[PDB]
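Asker: Right, I'll just put the structure down here and ask away after.
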Amino acid sequence: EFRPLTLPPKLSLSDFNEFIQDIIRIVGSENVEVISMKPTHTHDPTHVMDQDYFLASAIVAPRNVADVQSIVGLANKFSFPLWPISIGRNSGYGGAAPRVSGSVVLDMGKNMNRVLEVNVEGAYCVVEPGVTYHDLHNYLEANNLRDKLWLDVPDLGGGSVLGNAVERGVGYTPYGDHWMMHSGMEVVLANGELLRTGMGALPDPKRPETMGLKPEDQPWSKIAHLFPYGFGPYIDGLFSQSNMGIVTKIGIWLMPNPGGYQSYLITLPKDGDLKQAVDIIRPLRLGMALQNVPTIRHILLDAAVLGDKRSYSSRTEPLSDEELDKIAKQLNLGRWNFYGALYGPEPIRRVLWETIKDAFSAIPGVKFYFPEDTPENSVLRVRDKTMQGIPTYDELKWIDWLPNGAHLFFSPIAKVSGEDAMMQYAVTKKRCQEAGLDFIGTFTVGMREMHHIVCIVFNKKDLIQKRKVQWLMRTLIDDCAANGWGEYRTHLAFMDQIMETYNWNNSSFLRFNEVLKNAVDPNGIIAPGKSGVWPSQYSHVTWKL
Amino acid sequence: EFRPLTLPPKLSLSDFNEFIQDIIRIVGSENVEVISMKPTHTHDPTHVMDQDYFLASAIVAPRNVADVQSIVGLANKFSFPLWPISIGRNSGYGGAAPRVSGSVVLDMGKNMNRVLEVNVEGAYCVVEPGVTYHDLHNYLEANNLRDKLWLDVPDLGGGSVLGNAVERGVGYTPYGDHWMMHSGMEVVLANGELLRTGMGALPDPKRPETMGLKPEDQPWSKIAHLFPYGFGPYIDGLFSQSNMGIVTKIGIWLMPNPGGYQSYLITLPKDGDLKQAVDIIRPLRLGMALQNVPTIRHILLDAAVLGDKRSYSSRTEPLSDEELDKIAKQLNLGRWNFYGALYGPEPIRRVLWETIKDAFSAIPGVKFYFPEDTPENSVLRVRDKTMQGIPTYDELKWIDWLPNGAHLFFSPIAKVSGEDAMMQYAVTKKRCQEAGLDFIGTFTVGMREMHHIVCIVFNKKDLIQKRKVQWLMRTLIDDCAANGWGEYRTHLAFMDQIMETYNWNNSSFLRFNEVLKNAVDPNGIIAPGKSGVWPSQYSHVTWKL
Amino acid sequence: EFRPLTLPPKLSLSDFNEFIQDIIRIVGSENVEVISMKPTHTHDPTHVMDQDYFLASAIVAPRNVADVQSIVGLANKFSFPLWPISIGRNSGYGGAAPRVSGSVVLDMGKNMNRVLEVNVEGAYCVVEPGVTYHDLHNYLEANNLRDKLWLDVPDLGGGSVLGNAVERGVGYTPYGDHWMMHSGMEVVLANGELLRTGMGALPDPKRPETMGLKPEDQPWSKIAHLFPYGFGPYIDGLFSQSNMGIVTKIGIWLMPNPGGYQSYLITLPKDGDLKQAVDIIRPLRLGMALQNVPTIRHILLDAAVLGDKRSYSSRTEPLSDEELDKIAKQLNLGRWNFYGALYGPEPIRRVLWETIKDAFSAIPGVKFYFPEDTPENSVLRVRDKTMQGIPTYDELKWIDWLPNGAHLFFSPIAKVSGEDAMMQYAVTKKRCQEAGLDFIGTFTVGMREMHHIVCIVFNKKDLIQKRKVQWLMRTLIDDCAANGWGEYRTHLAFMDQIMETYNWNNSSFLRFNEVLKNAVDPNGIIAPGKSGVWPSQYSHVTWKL
């Protein structure tokens, strides 16, 4: 098609139509949309910034890897920026919106869907960008692999197994650190050239049945998904949260059924119980008593899962300390809520579980519950599935906290120290109040770190509050940096700020990144601006926010 | 000093004396050597290739990080290549020798020694290149941290904690994967600029007491050694086994005493027991019954530790199948020998230990022993310390298998499948006999892979045998590739061969690697040729072997 | 000379000795110093940062303008950075020290001394960098121009008339805005070429008596020192506080004796009288009742002039609110102290003076005094000379507040609003106490702004306090920016911080500045880093603080 709402930088409308005609001729009219459950891929859905911001010109859905190389060629030819997405369901990080309007959103999920391989002896799977978590789960069940191999899912299962992994997302099983569970990745660099990593570089020895296959369709050697390092420089991580390559295929390790599973819930009665709780979790996390990635939730998170905010109050301003206590009682929950699980044979679960309980019993009024012990609608019953690798749609209910809610995640990291966790909670809770927002969040326990997802929800049609939300977010970043904590991930608009945060020694780390980017992407057509990294033809003055 | 034996490429003697005077003027004459226990740093000690090869021109010991930047500057000024080393005790991988003669060996270890930090709450340590394993141990004990925090050592404790970690070395405790246990790394890139990665990029908030400190001496932010990723592209691995930067500091995670430890020995009687044993290890390793990295050793490895070859035979040719059997008996060992260990509270050790024995009992004549149950000189008593993070000097005894022995490691990776384990063993054993060399070796058990260190030992003054040793090596590489198995690490001379092995899709991995190298190192002064990666001013024709 | 302590970036010792020999051959050995009342020109005297920082390699005194061009040429030949100074008496702004060590301090003052012209009809003077304020005064008196023409001096008369003027210094007569009183400037750009601005570009018509004179020695056209603009782009300000050229000559307007002068002192009793006082000053300053730049001083400033801190207290920590009150009484001063002066015929002074008193009488306990009415040692008697263009050595007494005192100026600008004045005072006073430093300071009244010189004084041999002093400074900058107030000038180490403060629209002002710098100074030899502006061969990573 013809006249887009926004053309990518410096490109004429004639150039734009020449290009699109070319891509249409490659992937068919049914896979190239021009902008003149079902996630949008054309714009930031969790509106926070104004219009004209992060608006694609056209969404293109490659049929396969060839198509992605033809499309890269065309972007180099015409200097048309691309914005490669796998699924784009994470509104909160901006979903599928491109950072620089005019871009071509590359929907890799629509046709590049396959569960390429599920290896039981090696306990791994090889996946394309389209393979959501539900998909890999349905794949496992229709092949009876459910009782041999287990997944590891993020709070929502409609996300991409590889998209989430390359973005470094976390899960709640012993295999929760997703990016650390990859081995074998296939990438389409900016020059067009295909590249596979680690032992993906060591090629399967020739054999009659695999002769003549295009590179993209060739099998991988035996150790390709069993050892990640390969030999030499381990370049894999350049492709995480970066614009250095288009990730087309990835191997993810799978957890073999542990032959024993118990999920539990420990409720902490006071809002200041978080300090003792986190001091307790520390030694138990580092000492492997705490098997998976346990979560510490704030009462409104579980409150939200179960009901909107009018369902708990009429107040338009932020619920008070009293009201929060009251909601806790109502739900039989604590003010803070720990969710975890035990894996393996009963004799070992049992020792761990006595230890855990024992530890947490130094917190007055603590109360331990397994799923059965809680109401049918409870979060624990839902999270009992999440910690065993079973994906769900439940926990999405909280996005609706406010009427025309949208949300953004402010995500700092905090030591696994109560002192520190309380400090960061304070900081975020003050600002949230200052903005007139309920604080809503979780700490997910890392072995020596704690990912702190603050869920800022707000009215997507309210000019005043969105501006309040922007103030909040940018103030939180500074505040957090002032206290030496940075965010591990963000939405399109906060990328620059956040990368400006990592400025040790005069921005050394972003300087060095900008070289690697320009070297490998001389026309800078792969996602200019992702994570604050800009190719030289994108003046910082004109583009950073 | 004046006239070196080998000048670095294109450099005049005048230039060379200019430079040396400059460096002597920076770091003192007591630190800058000109080539006209105590490891050599001037040449490949495990001689294999001929002379002229891998011969430094001068060794230079920086006093600190400034000194490394000054030196980098002078390398960029004069176009003098540097070969940065930490310790260089790993003869076998060529130790300190530089890949291209004329290089300046940068001994970082001699002055950059400090155990910078040992954090108990976060359970990490931050170390300089000089900090050997024995060093971090002695540090621990003199601060009574020995019963709180535990190390993870490689078969020899004299190596560098960070050198080994950036080289992707492996250990025998649950934290055996060394490079996967780092978080926080400080680098001096080739441009001279300092860069710290991940959360090491988020700077510690100003405070009165740390003002005016050089970047090199600034503290790090709180999550710097607790979370590796930071934000954006996770560049860390570009500094593993590569020439992309000079590693100055690194944070390595430590293991919190587990409150329970049992090390053991299972002996496998026959030479073909390796196949069932490796099928047995598979599920227990993946299912976490097998806590640390367990090791399967071949009889001569343990034989070797205990005595030279003349001490078991007069034969100059390779010992026979019968003789090996006899040696096994003499030592009360198997033909193959599994070493592992149980960590934690007794109730849990016990269930795991019943599981392990149980499984291995399906191997005829299998015999299980704890340390106490074996002779005073036994390997198990030595490895009982190794699997608990206590480093030793013991296991070096085997390098002396032959009189003027030197050794080289042929290191393929193999699936954790007996089928595969035997296949690779076969291949390696043929060749070794074809060269008239005793096969000597180990498989170190990875969660889904097995590092297989073939120890080629030979007579460093024997022209004929060294050639035989070069034939062996190069033929094993090809053989191994033929059967789809790459090497994880190698010695200076096999670097090229080994990367050529990783040529999927027409050498994509190396091309893409040359791009990043040239970008960040236009003068190409950082270790040209490490891992097979060459900056553009070093003709491939002239330099690869 | 031979071996310097610090060589400028990338330069070999050989190169350095080549250059010095060349310069010694141009200006004589008596003028070119190699670093192996009387201000130092080799290093930052108000030590604050550590050593290695801001240390010149050699000081070079040009005999004249040719000599400055020869030297420029040699800097472009060898790529040696220069640090041009006039006098370098302003410790506090780092005096003569160069921003990047290894630089060549260009002392223009030592030989380029002349009062070139004192024109009475046009009421201007044309001066070289060496002409201090005392110098132009002594010139005036020896030519009896003292009752015809009047100077405008800064708190200390030993500074350079043009150095201070290009640095945008301020004075206390109606011609206090120094840089706004220049017209005619002669510059030696980095290419070596001489350029005079505005009407200094329109050349004096040839005439017999000025033929064959070097450009440097040519007279100027008639309107050269009467109208600043010329025609076209008014480039003059590119040479203020910048590294865009070496200023050799400048025309400064002089004030024609006004035939009437009364200087006075109004004392404000309370520490919060500053708010009403500044609201009072506002309208009178804008309405021209307030003739010169009036000053509001804090009690310790005047206290300081008169005596050290031990002379008022034993306390090592900062004097208290009560103590300050007591000192005020002892000296017959206020807590705050306004100094001004009336110019012209008595009938007009009188009406203004009734207006001033009248207004200030709305402040309880306000007391008005002329010089005569105050003690012999009083500050008013000292400043009575200052507001009439007579320079003095008096006011330097305060630098000795503490024993081995050094001082630094923290200089924010603030509106001429009491509200704002108090706000900024607050901010500054907290921090100063947090560092355990006596707040000492002045607001100098601008027509619509107020320059606020916080005098941080401290112990130059105290590591702990200097660090405290560095924390203070950097925290005040951020604080101040937080409240939208920039600094107008700073010391070498805060230059970067301070420009980063001016980052509207993603550092537009500095980017645009780097462009002009590089264009006119491709080798970047003119003062790299002054005001935060760096030529492209000086990595930001490596150089900013």
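If you're wondering about the labels, chains in the structure tokens are A, B, ... by order shown, residues count from 1 in each chain, ligands from 1 in order shown.
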For stretch 87-100 of chain A, find every residue with an atom within 6 Å (counting only C-alpha atoms), except residues of its own chain fewer than 3 positions away, and show them as a ChimeraX atom specification.
Answerer: /A:39,41-44,46,54,83,109,160,407-409,490-492
Asker: Please save N, CA, C and O atoms of the selected residues as an mmCIF file, in the first residue's frame.
Answerer:
```cif
data_model
loop_
_atom_site.group_PDB
_atom_site.id
_atom_site.type_symbol
_atom_site.label_atom_id
_atom_site.label_comp_id
_atom_site.auth_asym_id
_atom_site.auth_seq_id
_atom_site.Cartn_x
_atom_site.Cartn_y
_atom_site.Cartn_z
ATOM 1 N N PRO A 39 -2.850 -8.901 20.153
ATOM 2 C CA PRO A 39 -2.035 -7.742 20.504
ATOM 3 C C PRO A 39 -1.868 -6.831 19.290
ATOM 4 O O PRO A 39 -1.791 -7.348 18.159
ATOM 5 N N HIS A 41 0.343 -4.431 16.895
ATOM 6 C CA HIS A 41 1.769 -4.479 16.575
ATOM 7 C C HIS A 41 2.193 -3.154 15.942
ATOM 8 O O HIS A 41 3.327 -2.971 15.480
ATOM 9 N N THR A 42 1.219 -2.228 15.887
ATOM 10 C CA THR A 42 1.387 -0.959 15.207
ATOM 11 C C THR A 42 1.695 0.176 16.157
ATOM 12 O O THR A 42 2.165 1.209 15.661
ATOM 13 N N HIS A 43 1.401 0.057 17.451
ATOM 14 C CA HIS A 43 1.599 1.234 18.299
ATOM 15 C C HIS A 43 1.746 0.840 19.742
ATOM 16 O O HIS A 43 1.424 -0.302 20.057
ATOM 17 N N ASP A 44 2.231 1.750 20.569
ATOM 18 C CA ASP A 44 2.422 1.425 21.999
ATOM 19 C C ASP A 44 1.034 1.441 22.610
ATOM 20 O O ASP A 44 0.335 2.447 22.495
ATOM 21 N N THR A 46 0.111 0.704 25.764
ATOM 22 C CA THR A 46 0.128 1.213 27.146
ATOM 23 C C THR A 46 0.590 2.624 26.846
ATOM 24 O O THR A 46 1.787 2.871 26.829
ATOM 25 N N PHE A 54 6.546 6.085 18.596
ATOM 26 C CA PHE A 54 6.592 4.645 18.518
ATOM 27 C C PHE A 54 5.510 4.035 17.624
ATOM 28 O O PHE A 54 4.960 2.965 17.891
ATOM 29 N N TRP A 83 11.805 -3.286 12.934
ATOM 30 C CA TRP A 83 11.535 -3.501 14.340
ATOM 31 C C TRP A 83 10.979 -4.909 14.564
ATOM 32 O O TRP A 83 9.810 -5.222 14.425
ATOM 33 N N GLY A 109 6.709 -13.870 14.708
ATOM 34 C CA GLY A 109 5.863 -14.891 15.286
ATOM 35 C C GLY A 109 4.774 -15.387 14.362
ATOM 36 O O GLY A 109 4.592 -16.597 14.310
ATOM 37 N N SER A 160 6.416 -15.134 24.067
ATOM 38 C CA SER A 160 7.321 -15.942 23.292
ATOM 39 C C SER A 160 8.445 -16.618 24.052
ATOM 40 O O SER A 160 9.292 -15.916 24.598
ATOM 41 N N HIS A 407 -0.390 -0.430 31.844
ATOM 42 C CA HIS A 407 0.564 -0.432 32.981
ATOM 43 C C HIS A 407 1.968 -0.299 32.408
ATOM 44 O O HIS A 407 2.146 -0.394 31.212
ATOM 45 N N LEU A 408 2.913 0.000 33.264
ATOM 46 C CA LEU A 408 4.292 0.088 32.821
ATOM 47 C C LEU A 408 5.042 -0.560 33.981
ATOM 48 O O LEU A 408 4.503 -0.358 35.054
ATOM 49 N N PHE A 409 6.135 -1.212 33.731
ATOM 50 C CA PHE A 409 6.825 -1.812 34.851
ATOM 51 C C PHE A 409 8.038 -0.982 35.187
ATOM 52 O O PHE A 409 8.753 -0.804 34.213
ATOM 53 N N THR A 490 13.030 -1.923 30.449
ATOM 54 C CA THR A 490 12.077 -0.846 30.446
ATOM 55 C C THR A 490 11.269 -0.714 29.141
ATOM 56 O O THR A 490 11.379 -1.466 28.170
ATOM 57 N N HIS A 491 10.405 0.309 29.194
ATOM 58 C CA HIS A 491 9.612 0.640 28.020
ATOM 59 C C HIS A 491 10.344 1.575 27.087
ATOM 60 O O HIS A 491 11.209 2.378 27.440
ATOM 61 N N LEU A 492 9.983 1.533 25.806
ATOM 62 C CA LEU A 492 10.635 2.381 24.797
ATOM 63 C C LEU A 492 11.054 3.765 25.258
ATOM 64 O O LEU A 492 12.225 4.156 25.169
#
```
Asker: Excluding residue C:123 and any residue of its chain fewer than 5 positions from it, enumerate the residues within 12 Å of it, using only C-alpha atoms, and give them as an mmCIF file with N, CA, C and O atoms, in the first residue's frame.
Answerer:
```cif
data_model
loop_
_atom_site.group_PDB
_atom_site.id
_atom_site.type_symbol
_atom_site.label_atom_id
_atom_site.label_comp_id
_atom_site.auth_asym_id
_atom_site.auth_seq_id
_atom_site.Cartn_x
_atom_site.Cartn_y
_atom_site.Cartn_z
ATOM 1 N N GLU C 117 46.637 51.595 24.949
ATOM 2 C CA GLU C 117 46.002 52.870 24.630
ATOM 3 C C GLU C 117 45.032 53.304 25.697
ATOM 4 O O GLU C 117 44.384 52.501 26.363
ATOM 5 N N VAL C 118 44.952 54.565 26.059
ATOM 6 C CA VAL C 118 43.990 55.050 27.017
ATOM 7 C C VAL C 118 43.336 56.246 26.336
ATOM 8 O O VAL C 118 43.923 57.313 26.276
ATOM 9 N N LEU C 145 45.165 60.800 34.555
ATOM 10 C CA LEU C 145 43.866 60.501 33.971
ATOM 11 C C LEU C 145 42.878 60.042 35.031
ATOM 12 O O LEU C 145 41.703 59.767 34.785
ATOM 13 N N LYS C 148 39.699 61.886 35.308
ATOM 14 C CA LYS C 148 38.981 61.967 34.049
ATOM 15 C C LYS C 148 38.337 60.614 33.757
ATOM 16 O O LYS C 148 37.233 60.497 33.235
ATOM 17 N N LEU C 149 39.136 59.582 34.056
ATOM 18 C CA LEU C 149 38.691 58.221 33.736
ATOM 19 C C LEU C 149 38.770 57.257 34.903
ATOM 20 O O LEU C 149 39.805 57.251 35.563
ATOM 21 N N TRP C 150 37.747 56.392 35.038
ATOM 22 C CA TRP C 150 37.727 55.507 36.203
ATOM 23 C C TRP C 150 37.612 54.032 35.818
ATOM 24 O O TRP C 150 36.864 53.683 34.914
ATOM 25 N N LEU C 151 38.319 53.175 36.550
ATOM 26 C CA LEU C 151 38.343 51.751 36.386
ATOM 27 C C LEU C 151 37.165 51.073 37.059
ATOM 28 O O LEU C 151 36.300 51.713 37.655
ATOM 29 N N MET C 181 31.639 45.357 28.493
ATOM 30 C CA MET C 181 32.319 46.638 28.362
ATOM 31 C C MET C 181 33.546 46.544 27.462
ATOM 32 O O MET C 181 34.314 47.498 27.313
ATOM 33 N N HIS C 182 33.630 45.403 26.758
ATOM 34 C CA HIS C 182 34.793 45.255 25.865
ATOM 35 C C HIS C 182 34.307 45.675 24.478
ATOM 36 O O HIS C 182 33.106 45.496 24.134
ATOM 37 N N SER C 183 35.165 46.047 23.585
ATOM 38 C CA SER C 183 34.835 46.261 22.178
ATOM 39 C C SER C 183 36.276 46.332 21.658
ATOM 40 O O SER C 183 37.157 46.845 22.327
ATOM 41 N N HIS C 225 36.990 50.546 19.073
ATOM 42 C CA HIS C 225 36.796 50.436 20.509
ATOM 43 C C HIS C 225 35.637 51.314 20.939
ATOM 44 O O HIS C 225 35.478 51.725 22.093
ATOM 45 N N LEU C 226 34.755 51.580 19.967
ATOM 46 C CA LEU C 226 33.597 52.418 20.327
ATOM 47 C C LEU C 226 32.338 51.657 20.007
ATOM 48 O O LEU C 226 31.295 51.943 20.560
ATOM 49 N N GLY C 251 39.831 45.703 23.946
ATOM 50 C CA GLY C 251 39.467 47.071 24.312
ATOM 51 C C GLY C 251 38.376 47.008 25.373
ATOM 52 O O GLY C 251 37.384 46.282 25.305
ATOM 53 N N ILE C 252 38.529 47.744 26.463
ATOM 54 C CA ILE C 252 37.605 47.780 27.568
ATOM 55 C C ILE C 252 37.191 49.244 27.742
ATOM 56 O O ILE C 252 38.049 50.110 27.818
ATOM 57 N N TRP C 253 35.913 49.512 27.826
ATOM 58 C CA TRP C 253 35.375 50.834 27.985
ATOM 59 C C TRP C 253 35.713 51.391 29.338
ATOM 60 O O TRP C 253 35.554 50.745 30.369
ATOM 61 N N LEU C 254 36.029 52.676 29.544
ATOM 62 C CA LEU C 254 36.246 53.175 30.902
ATOM 63 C C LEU C 254 35.194 54.173 31.362
ATOM 64 O O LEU C 254 34.527 54.759 30.504
ATOM 65 N N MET C 255 34.978 54.267 32.683
ATOM 66 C CA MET C 255 33.926 55.209 33.093
ATOM 67 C C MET C 255 34.399 56.609 33.387
ATOM 68 O O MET C 255 35.153 56.855 34.313
ATOM 69 N N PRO C 256 33.874 57.583 32.675
ATOM 70 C CA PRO C 256 34.245 58.970 32.873
ATOM 71 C C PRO C 256 33.905 59.496 34.250
ATOM 72 O O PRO C 256 32.680 59.627 34.391
ATOM 73 N N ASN C 257 34.888 59.832 35.074
ATOM 74 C CA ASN C 257 34.555 60.406 36.387
ATOM 75 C C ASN C 257 33.166 61.068 36.379
ATOM 76 O O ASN C 257 32.851 61.871 35.508
#
```
Asker: As a ChimeraX atom specification, please: the residues near stretch 308-311 of chain B (cut-off 10 Å, only C-alpha atoms, same-chain neighbours under 2 positions excluded).
Answerer: /B:300,303-306,313-316,318-319,397-403,438
Asker: Where in stretch 298-437 of chain A does DSSP assign strand (DSSP E), given as an MDAnalysis selection string?
Answerer: chainID A and resid 298 336:343 367:369 405:410 413:414
Asker: Need the shell around stretch 375-377 of chain A: protein/DNA/RNA residues with any atom at most 12 Å away, counting only C-alpha atoms. Skip same-chain ones fewer than 5 positions apart. Format as a PDB file with C-alpha atoms, in the first residue's frame?
Answerer:
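In the end it all went to selection_23.pdb:
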```
ATOM      1  CA  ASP A 302      -3.066 -10.769  44.690  1.00  0.00           C
ATOM      2  CA  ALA A 303      -5.910  -8.310  45.465  1.00  0.00           C
ATOM      3  CA  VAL A 305      -5.840 -10.721  40.486  1.00  0.00           C
ATOM      4  CA  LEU A 306      -9.124 -11.279  42.293  1.00  0.00           C
ATOM      5  CA  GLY A 307     -10.831  -7.920  41.774  1.00  0.00           C
ATOM      6  CA  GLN A 330     -10.626 -10.254  53.734  1.00  0.00           C
ATOM      7  CA  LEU A 331      -8.495 -12.447  51.501  1.00  0.00           C
ATOM      8  CA  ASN A 332      -6.826 -14.367  54.366  1.00  0.00           C
ATOM      9  CA  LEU A 333      -3.525 -13.064  53.034  1.00  0.00           C
ATOM     10  CA  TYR A 369      -0.707 -22.818  53.352  1.00  0.00           C
ATOM     11  CA  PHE A 370      -0.605 -25.344  50.477  1.00  0.00           C
ATOM     12  CA  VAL A 382      -3.001 -20.496  40.032  1.00  0.00           C
ATOM     13  CA  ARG A 383       0.675 -20.125  41.034  1.00  0.00           C
ATOM     14  CA  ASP A 394      -5.388 -15.947  35.057  1.00  0.00           C
ATOM     15  CA  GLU A 395      -2.967 -13.328  36.481  1.00  0.00           C
TER      16      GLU A 395
END
```
Asker: Report, in Å to a single decimal, how far apart atom CA of residue C:413 and atom CA of residue C:359 are.
Answerer: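 Taking atom CA of residue C:359 as the start and atom CA of residue C:413 as the end point, the length is 24.4 Å.
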